[PDB]
Amino acid sequence: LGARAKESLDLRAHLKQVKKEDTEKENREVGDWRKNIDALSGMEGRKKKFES
Amino acid sequence: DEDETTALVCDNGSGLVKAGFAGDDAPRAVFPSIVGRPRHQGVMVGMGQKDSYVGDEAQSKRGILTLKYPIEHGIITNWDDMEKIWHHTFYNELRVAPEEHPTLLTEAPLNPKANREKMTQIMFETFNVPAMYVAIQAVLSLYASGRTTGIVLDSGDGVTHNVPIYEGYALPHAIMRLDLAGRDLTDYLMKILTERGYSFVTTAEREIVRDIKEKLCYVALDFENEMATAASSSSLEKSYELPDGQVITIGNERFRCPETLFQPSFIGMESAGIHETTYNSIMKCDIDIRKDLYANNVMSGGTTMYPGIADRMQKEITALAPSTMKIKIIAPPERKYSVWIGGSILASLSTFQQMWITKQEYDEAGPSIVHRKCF
Ligand SMILES: Nc1ncnc2c1ncn2[C@@H]1O[C@H](COP(=O)(O)OP(=O)(O)O)[C@@H](O)[C@H]1O
Ligand SMILES: [Mg+2]
């Protein structure tokens, strides 16, 4: 019985570990980066173009 | 005339004609759309004795001319009148010949297609413009604002138009024209001044009272409460010095005149105030972008020089629409020239000459070509 249980759980843990490997490789470089809008106060009012 | 063959930019706005050259910041020749004719016949000699009087000449000669409007709410009376005023503008005011410069024109929103076909045909036959383009003033005001999203309230002197445009695309299904404009304002003010003791019918007093509207008029924050406090209102009551020298005093009327556009039931319109017309216009289109329309509303026209439209606008829309998102109006100073500025903007880029309406296209397909060449 212990052998049956070990074989089943070992196969399960082998698939579990192969699944972990992908997460181990990278974990953050999949998300995009920050580019929020803020500041810009110092820019001038009479734009060099007429969309002012 | 500039050495370069740059295009003509002419805004024939319903109430004002503003013409000039492409690449310029402001139109050079700007005049109201009134036209004066001799009130009587000719017996004298030595001077004058000229039929058509246009521009500042007619403004100085208002008293001896019957003052007539060649256009009212878009409707065209006599093409000869436009012929003469365009001659005057091009040669006596702009000092330019239309032979060597294509013309970009702006037309009142939803102008008749038959009107466009006749005006273009008489234009091409009478004049020798090399190329043509005509556009709606709505997108011109949009260009002046330089933001592709918003609802344009064009308040001319004959019609007020509400037109929604999202991300630079027209929404004719949600565009409406209201017959309230400067004419109505002057009329209503005329009847109230009649009830104040001063009863005039002629056009000189029409211009005087529109000047009064330009100078002294309010937009009431709360209407009946402000007449209630305007009962006496020695400080709030305001006076004007008419050119003859008499002092004419007006109180609540200052904010009881523009209110009529907001409250049409005063002189009997089924349509509610123009804020309701912007509201319905907004809901006609998909729900989601409506918030952006709320936050991106633009107003354009010579009337916009008056105070009070912005505060009234936002407060009533917030009353009608949920007050989660903040509504803010944008209106650059001297925006009545803005349309013409947008015309210059159209001539700025080098793609504009890809769709000039040349003489030979009109000669081939008649006026009908514009049906396929503009839209
Ligand atoms: N400087 C000004 N201040 C206030 N009102 C003005 C001024 N100039 C023109 N108007 C008003 O604008 C009206 C003309 O509107 P207009 O600008 O011709 O409309 P559109 O934008 O459709 O061409 C006139 O009836 C006049 O009462
Ligand atoms: Mg207008």
# chains A, B, ... in the order shown; residues from 1 in each chain; ligands from 1

call {"tool": "interface_residues", "arguments": {"of": "chain A", "to": "chain B", "cutoff": "9 Å", "atoms": "only C-alpha atoms", "output": "VMD selection string"}}
result
chain A and resid 50 to 52

call {"tool": "residues_near_ligand", "arguments": {"ligand": "ligand 1", "cutoff": "9 Å", "atoms": "only C-alpha atoms and all ligand atoms", "output": "number ranges by chain"}}
result
B: 11-18, 32-33, 107-109, 137, 141, 154-161, 181-183, 185-186, 207, 210-211, 213-215, 300-306, 334-339

call {"tool": "select_by_dssp", "arguments": {"residues": "chain A", "states": "helix (DSSP H, G or I)", "output": "PyMOL selection string"}}
result
chain A and resi 2-25

call {"tool": "write_last_selection", "arguments": {"atoms": "C-alpha atoms", "output": "PDB file, in the first residue's frame"}}
result
ATOM      1  CA  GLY A   2       2.760   2.433   0.941  1.00  0.00           C
ATOM      2  CA  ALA A   3       4.382   1.743  -2.432  1.00  0.00           C
ATOM      3  CA  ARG A   4       1.155   2.520  -4.285  1.00  0.00           C
ATOM      4  CA  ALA A   5       0.718   5.732  -2.286  1.00  0.00           C
ATOM      5  CA  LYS A   6       4.357   6.719  -2.829  1.00  0.00           C
ATOM      6  CA  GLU A   7       4.135   6.112  -6.582  1.00  0.00           C
ATOM      7  CA  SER A   8       0.928   8.132  -6.956  1.00  0.00           C
ATOM      8  CA  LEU A   9       2.099  11.010  -4.759  1.00  0.00           C
ATOM      9  CA  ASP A  10       5.534  11.003  -6.409  1.00  0.00           C
ATOM     10  CA  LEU A  11       3.998  11.366  -9.867  1.00  0.00           C
ATOM     11  CA  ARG A  12       1.777  14.139  -8.490  1.00  0.00           C
ATOM     12  CA  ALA A  13       4.757  15.900  -6.891  1.00  0.00           C
ATOM     13  CA  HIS A  14       6.776  15.532 -10.100  1.00  0.00           C
ATOM     14  CA  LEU A  15       4.089  17.313 -12.087  1.00  0.00           C
ATOM     15  CA  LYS A  16       3.800  19.872  -9.287  1.00  0.00           C
ATOM     16  CA  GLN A  17       7.558  20.573  -9.341  1.00  0.00           C
ATOM     17  CA  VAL A  18       7.672  20.880 -13.135  1.00  0.00           C
ATOM     18  CA  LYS A  19       4.851  23.411 -12.786  1.00  0.00           C
ATOM     19  CA  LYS A  20       6.812  25.330 -10.130  1.00  0.00           C
ATOM     20  CA  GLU A  21       9.876  25.564 -12.389  1.00  0.00           C
ATOM     21  CA  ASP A  22       8.132  27.998 -14.756  1.00  0.00           C
ATOM     22  CA  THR A  23       7.260  30.316 -11.866  1.00  0.00           C
ATOM     23  CA  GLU A  24      10.804  29.945 -10.522  1.00  0.00           C
ATOM     24  CA  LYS A  25      12.249  31.134 -13.848  1.00  0.00           C
TER      25      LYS A  25
END

call {"tool": "residues_around", "arguments": {"residues": "segment 166-169 of chain B", "least_positions_apart": "6", "cutoff": "9 Å", "atoms": "only C-alpha atoms", "output": "ChimeraX atom specification"}}
result
/B:139,142,147-151,289,292-293

call {"tool": "write_last_selection", "arguments": {"atoms": "N, CA and C atoms", "output": "mmCIF file, in the first residue's frame"}}
result
data_model
loop_
_atom_site.group_PDB
_atom_site.id
_atom_site.type_symbol
_atom_site.label_atom_id
_atom_site.label_comp_id
_atom_site.auth_asym_id
_atom_site.auth_seq_id
_atom_site.Cartn_x
_atom_site.Cartn_y
_atom_site.Cartn_z
ATOM 1 N N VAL B 139 -16.726 71.164 -36.898
ATOM 2 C CA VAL B 139 -15.390 70.584 -36.873
ATOM 3 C C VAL B 139 -14.337 71.686 -36.843
ATOM 4 N N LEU B 142 -14.065 72.569 -33.315
ATOM 5 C CA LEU B 142 -13.333 71.444 -32.740
ATOM 6 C C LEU B 142 -11.834 71.608 -32.960
ATOM 7 N N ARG B 147 -9.259 69.206 -29.714
ATOM 8 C CA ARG B 147 -9.570 67.994 -28.966
ATOM 9 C C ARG B 147 -10.706 67.271 -29.670
ATOM 10 N N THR B 148 -10.436 66.038 -30.099
ATOM 11 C CA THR B 148 -11.350 65.269 -30.937
ATOM 12 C C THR B 148 -12.640 64.853 -30.239
ATOM 13 N N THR B 149 -12.739 64.991 -28.922
ATOM 14 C CA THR B 149 -13.924 64.571 -28.183
ATOM 15 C C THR B 149 -14.632 65.787 -27.599
ATOM 16 N N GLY B 150 -15.944 65.838 -27.758
ATOM 17 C CA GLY B 150 -16.731 66.909 -27.177
ATOM 18 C C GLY B 150 -17.999 67.160 -27.965
ATOM 19 N N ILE B 151 -18.900 67.914 -27.342
ATOM 20 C CA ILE B 151 -20.134 68.358 -27.978
ATOM 21 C C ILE B 151 -20.043 69.868 -28.176
ATOM 22 N N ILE B 289 -19.945 56.633 -23.408
ATOM 23 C CA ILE B 289 -19.151 57.830 -23.675
ATOM 24 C C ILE B 289 -19.825 59.089 -23.170
ATOM 25 N N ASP B 292 -17.850 61.326 -20.924
ATOM 26 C CA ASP B 292 -16.855 62.129 -21.621
ATOM 27 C C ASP B 292 -17.502 63.340 -22.273
ATOM 28 N N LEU B 293 -18.681 63.153 -22.873
ATOM 29 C CA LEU B 293 -19.390 64.290 -23.443
ATOM 30 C C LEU B 293 -19.678 65.324 -22.367
#

call {"tool": "residues_around", "arguments": {"residues": "segment 189-191 of chain B", "least_positions_apart": "4", "cutoff": "10 Å", "atoms": "only C-alpha atoms", "output": "number ranges by chain"}}
result
B: 183-185, 195-201, 205-206, 209-210, 212-213, 253-254, 256-258, 260

call {"tool": "write_last_selection", "arguments": {"atoms": "N, CA, C and O atoms", "output": "PDB file, in the first residue's frame"}}
result
ATOM      1  N   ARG B 183     -31.354  87.019 -32.986  1.00  0.00           N
ATOM      2  CA  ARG B 183     -32.589  87.665 -33.420  1.00  0.00           C
ATOM      3  C   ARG B 183     -33.629  87.597 -32.312  1.00  0.00           C
ATOM      4  O   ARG B 183     -34.258  88.605 -31.964  1.00  0.00           O
ATOM      5  N   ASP B 184     -33.843  86.394 -31.772  1.00  0.00           N
ATOM      6  CA  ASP B 184     -34.800  86.208 -30.687  1.00  0.00           C
ATOM      7  C   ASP B 184     -34.431  87.072 -29.491  1.00  0.00           C
ATOM      8  O   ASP B 184     -35.304  87.654 -28.838  1.00  0.00           O
ATOM      9  N   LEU B 185     -33.143  87.078 -29.128  1.00  0.00           N
ATOM     10  CA  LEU B 185     -32.687  87.868 -27.987  1.00  0.00           C
ATOM     11  C   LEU B 185     -33.074  89.333 -28.153  1.00  0.00           C
ATOM     12  O   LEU B 185     -33.654  89.947 -27.248  1.00  0.00           O
ATOM     13  N   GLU B 195     -42.191  97.423 -22.692  1.00  0.00           N
ATOM     14  CA  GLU B 195     -42.840  97.477 -21.387  1.00  0.00           C
ATOM     15  C   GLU B 195     -42.109  98.383 -20.406  1.00  0.00           C
ATOM     16  O   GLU B 195     -42.659  98.694 -19.346  1.00  0.00           O
ATOM     17  N   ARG B 196     -40.885  98.798 -20.716  1.00  0.00           N
ATOM     18  CA  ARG B 196     -40.177  99.764 -19.890  1.00  0.00           C
ATOM     19  C   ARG B 196     -40.415 101.203 -20.329  1.00  0.00           C
ATOM     20  O   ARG B 196     -39.943 102.125 -19.656  1.00  0.00           O
ATOM     21  N   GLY B 197     -41.130 101.417 -21.433  1.00  0.00           N
ATOM     22  CA  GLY B 197     -41.482 102.747 -21.890  1.00  0.00           C
ATOM     23  C   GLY B 197     -40.825 103.169 -23.184  1.00  0.00           C
ATOM     24  O   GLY B 197     -41.162 104.239 -23.708  1.00  0.00           O
ATOM     25  N   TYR B 198     -39.902 102.373 -23.719  1.00  0.00           N
ATOM     26  CA  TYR B 198     -39.148 102.723 -24.919  1.00  0.00           C
ATOM     27  C   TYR B 198     -39.487 101.715 -26.010  1.00  0.00           C
ATOM     28  O   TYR B 198     -39.153 100.531 -25.893  1.00  0.00           O
ATOM     29  N   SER B 199     -40.144 102.183 -27.069  1.00  0.00           N
ATOM     30  CA  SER B 199     -40.695 101.315 -28.108  1.00  0.00           C
ATOM     31  C   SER B 199     -40.108 101.741 -29.450  1.00  0.00           C
ATOM     32  O   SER B 199     -40.516 102.759 -30.016  1.00  0.00           O
ATOM     33  N   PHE B 200     -39.158 100.960 -29.961  1.00  0.00           N
ATOM     34  CA  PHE B 200     -38.559 101.208 -31.264  1.00  0.00           C
ATOM     35  C   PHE B 200     -38.667  99.960 -32.129  1.00  0.00           C
ATOM     36  O   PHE B 200     -38.753  98.838 -31.621  1.00  0.00           O
ATOM     37  N   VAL B 201     -38.663 100.166 -33.445  1.00  0.00           N
ATOM     38  CA  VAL B 201     -38.876  99.083 -34.399  1.00  0.00           C
ATOM     39  C   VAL B 201     -37.697  98.955 -35.361  1.00  0.00           C
ATOM     40  O   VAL B 201     -37.388  97.857 -35.838  1.00  0.00           O
ATOM     41  N   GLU B 205     -31.847 100.777 -33.559  1.00  0.00           N
ATOM     42  CA  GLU B 205     -32.075 100.479 -32.165  1.00  0.00           C
ATOM     43  C   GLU B 205     -31.847  98.990 -31.951  1.00  0.00           C
ATOM     44  O   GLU B 205     -31.496  98.615 -30.876  1.00  0.00           O
ATOM     45  N   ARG B 206     -31.990  98.145 -32.971  1.00  0.00           N
ATOM     46  CA  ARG B 206     -31.678  96.728 -32.823  1.00  0.00           C
ATOM     47  C   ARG B 206     -30.205  96.552 -32.493  1.00  0.00           C
ATOM     48  O   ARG B 206     -29.834  95.781 -31.598  1.00  0.00           O
ATOM     49  N   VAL B 209     -29.496  97.797 -28.939  1.00  0.00           N
ATOM     50  CA  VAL B 209     -29.879  96.883 -27.868  1.00  0.00           C
ATOM     51  C   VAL B 209     -29.020  95.619 -27.883  1.00  0.00           C
ATOM     52  O   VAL B 209     -28.773  95.027 -26.825  1.00  0.00           O
ATOM     53  N   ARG B 210     -28.513  95.192 -29.046  1.00  0.00           N
ATOM     54  CA  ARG B 210     -27.570  94.076 -29.008  1.00  0.00           C
ATOM     55  C   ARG B 210     -26.244  94.516 -28.395  1.00  0.00           C
ATOM     56  O   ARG B 210     -25.577  93.719 -27.729  1.00  0.00           O
ATOM     57  N   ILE B 212     -26.129  96.694 -25.976  1.00  0.00           N
ATOM     58  CA  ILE B 212     -26.486  96.625 -24.561  1.00  0.00           C
ATOM     59  C   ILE B 212     -26.342  95.194 -24.057  1.00  0.00           C
ATOM     60  O   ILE B 212     -25.837  94.954 -22.955  1.00  0.00           O
ATOM     61  N   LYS B 213     -26.792  94.223 -24.856  1.00  0.00           N
ATOM     62  CA  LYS B 213     -26.623  92.820 -24.482  1.00  0.00           C
ATOM     63  C   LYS B 213     -25.153  92.450 -24.368  1.00  0.00           C
ATOM     64  O   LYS B 213     -24.765  91.667 -23.492  1.00  0.00           O
ATOM     65  N   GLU B 253     -33.961  92.981 -16.296  1.00  0.00           N
ATOM     66  CA  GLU B 253     -33.945  92.628 -17.713  1.00  0.00           C
ATOM     67  C   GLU B 253     -32.577  92.130 -18.156  1.00  0.00           C
ATOM     68  O   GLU B 253     -32.490  91.262 -19.034  1.00  0.00           O
ATOM     69  N   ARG B 254     -31.508  92.631 -17.525  1.00  0.00           N
ATOM     70  CA  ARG B 254     -30.157  92.200 -17.867  1.00  0.00           C
ATOM     71  C   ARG B 254     -30.031  90.685 -17.830  1.00  0.00           C
ATOM     72  O   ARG B 254     -29.431  90.082 -18.727  1.00  0.00           O
ATOM     73  N   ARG B 256     -32.910  88.761 -17.463  1.00  0.00           N
ATOM     74  CA  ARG B 256     -34.146  88.174 -17.958  1.00  0.00           C
ATOM     75  C   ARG B 256     -34.159  88.011 -19.470  1.00  0.00           C
ATOM     76  O   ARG B 256     -34.989  87.256 -19.987  1.00  0.00           O
ATOM     77  N   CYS B 257     -33.178  88.578 -20.179  1.00  0.00           N
ATOM     78  CA  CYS B 257     -33.077  88.358 -21.633  1.00  0.00           C
ATOM     79  C   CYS B 257     -32.403  87.038 -22.079  1.00  0.00           C
ATOM     80  O   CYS B 257     -33.017  86.277 -22.827  1.00  0.00           O
ATOM     81  N   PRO B 258     -31.163  86.744 -21.624  1.00  0.00           N
ATOM     82  CA  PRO B 258     -30.593  85.448 -22.040  1.00  0.00           C
ATOM     83  C   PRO B 258     -31.314  84.259 -21.425  1.00  0.00           C
ATOM     84  O   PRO B 258     -31.185  83.144 -21.931  1.00  0.00           O
ATOM     85  N   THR B 260     -34.309  83.566 -21.608  1.00  0.00           N
ATOM     86  CA  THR B 260     -35.319  83.045 -22.524  1.00  0.00           C
ATOM     87  C   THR B 260     -34.802  81.845 -23.314  1.00  0.00           C
ATOM     88  O   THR B 260     -35.563  80.922 -23.582  1.00  0.00           O
TER      89      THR B 260
END

call {"tool": "atom_distance", "arguments": {"atom1": "atom CA of residue 361 of chain B", "atom2": "atom CA of residue 101 of chain B"}}
result
17.0 Å

call {"tool": "atom_distance", "arguments": {"atom1": "atom CA of residue 47 of chain B", "atom2": "atom CA of residue 82 of chain B"}}
result
24.8 Å

call {"tool": "select_by_dssp", "arguments": {"residues": "segment 101-326 of chain B", "states": "strand (DSSP E or B)", "output": "count of residues only"}}
result
38

call {"tool": "closest_residue", "arguments": {"among": "B:153, B:43, B:19, B:110", "to": "ligand 2", "atoms": "only C-alpha atoms and all ligand atoms"}}
result
B:153

call {"tool": "decode", "arguments": {"residues": "segment 159-176 of chain B", "atoms": "N, CA, C and O atoms", "output": "short mmCIF file (atom, residue, chain, number, x, y, z; two decimals), in the first residue's frame"}}
result
data_model
loop_
_atom_site.label_atom_id
_atom_site.label_comp_id
_atom_site.auth_asym_id
_atom_site.auth_seq_id
_atom_site.Cartn_x
_atom_site.Cartn_y
_atom_site.Cartn_z
N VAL B 159 -29.23 80.56 -35.80
CA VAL B 159 -29.53 79.23 -35.27
C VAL B 159 -28.51 78.90 -34.18
O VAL B 159 -27.37 79.36 -34.20
N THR B 160 -28.94 78.08 -33.22
CA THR B 160 -28.04 77.45 -32.26
C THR B 160 -28.04 75.95 -32.50
O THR B 160 -29.09 75.30 -32.45
N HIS B 161 -26.86 75.39 -32.75
CA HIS B 161 -26.71 73.99 -33.11
C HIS B 161 -25.98 73.25 -31.99
O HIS B 161 -24.99 73.74 -31.45
N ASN B 162 -26.48 72.06 -31.66
CA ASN B 162 -25.76 71.16 -30.76
C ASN B 162 -25.35 69.93 -31.56
O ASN B 162 -26.21 69.26 -32.16
N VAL B 163 -24.04 69.68 -31.59
CA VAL B 163 -23.46 68.63 -32.41
C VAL B 163 -22.47 67.82 -31.57
O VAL B 163 -21.50 68.38 -31.06
N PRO B 164 -22.69 66.53 -31.35
CA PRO B 164 -21.69 65.74 -30.63
C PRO B 164 -20.69 65.10 -31.59
O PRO B 164 -21.05 64.58 -32.65
N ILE B 165 -19.42 65.14 -31.21
CA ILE B 165 -18.36 64.52 -31.98
C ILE B 165 -17.44 63.79 -31.01
O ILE B 165 -16.85 64.43 -30.13
N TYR B 166 -17.32 62.48 -31.16
CA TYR B 166 -16.48 61.67 -30.29
C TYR B 166 -15.28 61.18 -31.08
O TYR B 166 -15.43 60.57 -32.14
N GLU B 167 -14.08 61.44 -30.54
CA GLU B 167 -12.82 61.05 -31.16
C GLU B 167 -12.78 61.46 -32.63
O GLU B 167 -12.41 60.69 -33.52
N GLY B 168 -13.15 62.72 -32.88
CA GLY B 168 -13.13 63.27 -34.22
C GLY B 168 -14.02 62.56 -35.21
O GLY B 168 -13.60 62.33 -36.35
N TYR B 169 -15.25 62.28 -34.82
CA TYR B 169 -16.20 61.72 -35.76
C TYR B 169 -17.53 62.38 -35.47
O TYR B 169 -17.97 62.46 -34.32
N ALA B 170 -18.19 62.76 -36.54
CA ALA B 170 -19.48 63.44 -36.45
C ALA B 170 -20.60 62.46 -36.10
O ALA B 170 -20.59 61.30 -36.52
N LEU B 171 -21.57 62.95 -35.33
CA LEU B 171 -22.75 62.18 -34.92
C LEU B 171 -24.02 62.87 -35.38
O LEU B 171 -24.75 63.45 -34.57
N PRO B 172 -24.32 62.83 -36.69
CA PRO B 172 -25.52 63.53 -37.18
C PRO B 172 -26.81 63.04 -36.54
O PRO B 172 -27.78 63.81 -36.45
N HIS B 173 -26.86 61.78 -36.09
CA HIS B 173 -28.07 61.26 -35.46
C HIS B 173 -28.39 61.97 -34.16
O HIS B 173 -29.54 61.94 -33.71
N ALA B 174 -27.41 62.62 -33.54
CA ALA B 174 -27.59 63.33 -32.29
C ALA B 174 -27.32 64.82 -32.45
O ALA B 174 -26.95 65.50 -31.49
N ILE B 175 -27.54 65.36 -33.65
CA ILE B 175 -27.33 66.77 -33.93
C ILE B 175 -28.68 67.45 -34.09
O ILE B 175 -29.57 66.93 -34.78
N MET B 176 -28.83 68.62 -33.48
CA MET B 176 -30.08 69.37 -33.53
C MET B 176 -29.83 70.86 -33.74
O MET B 176 -28.78 71.40 -33.37
#
